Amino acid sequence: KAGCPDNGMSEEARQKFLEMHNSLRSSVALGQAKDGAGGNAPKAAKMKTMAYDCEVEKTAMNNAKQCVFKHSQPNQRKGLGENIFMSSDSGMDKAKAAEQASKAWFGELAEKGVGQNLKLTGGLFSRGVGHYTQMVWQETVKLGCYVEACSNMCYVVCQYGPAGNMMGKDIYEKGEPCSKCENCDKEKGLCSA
C-alpha cells in the first residue's frame, strides 16, 4: 500500500493485508466482532489505523524467504511483533493468501474466545489467541507482510510496527468508538491521530 519495491510481493496483496487489518480492527472497535467466549468483543475507544510499511515488509520477507514455518527471533525483527501462517496451496494467489492468513489469525477470537478483560495476562496469552491480539493491538500502527511460495507450502509472514502482545498491557482501551481520539469516524471507529 504504496511505494514498496518490486520484490516479489504484489501491491495487490499489500493492499489486501492492510485492508483486512483495518477492516477487522474496525469491526472489533465497533463492538461488532463475535467473541467465542460469548457476546461480542468490547468496543475500543481509540483503535488506531494501521499503515503499510515497506521497511517492516522487508524484515517479514527475511522470515518468509527461508521457507520454514517458524517464528523469527526478536533481533531479526527488532521492535516488531509477528504473525505467521502456512497453506498447502503452494502456488496460491498472494492476495488470496493474504486474506486466508488474516482470517485465520483473526479467527482466534470467534473460536478460542477472549472475553471482556483485555489485560494481556499470561493466562490469556497461553490460550493461543496471540495472532488475534496482535492484529487488534491498539498501539500497533505499522504492518508489513510477505508471501513466499515454497516447495510444499505458501508461507505468509506479517510483522507489526510497535510490537504488540506486551504482557500486562491492555490489547486495546475499552469504550465507545472514537471517544478517546480526534481523527475518527464513529461509523468506522479507527483513529488516524
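All residue numbers refer to positions in the sequence shown, first residue = 1.
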| item | value |
| --- | --- |
| Which of 11-19 and 169-177 has higher mean CA B factor, as the PDB entry lists it | 11-19 |
| 137-145 set against 37-45, stretch whose average Cα temperature factor tops the other in the entry | 37-45 |
| Peak C-alpha temperature factor (PDB record), options 124, 60, 50, 28 | 124 |
| Residue, from 117, 100, 83, 73, that the PDB entry assigns the highest Cα B-factor | 73 |
| B-factor third for the C-alpha atom of residue 155 within its chain | middle |
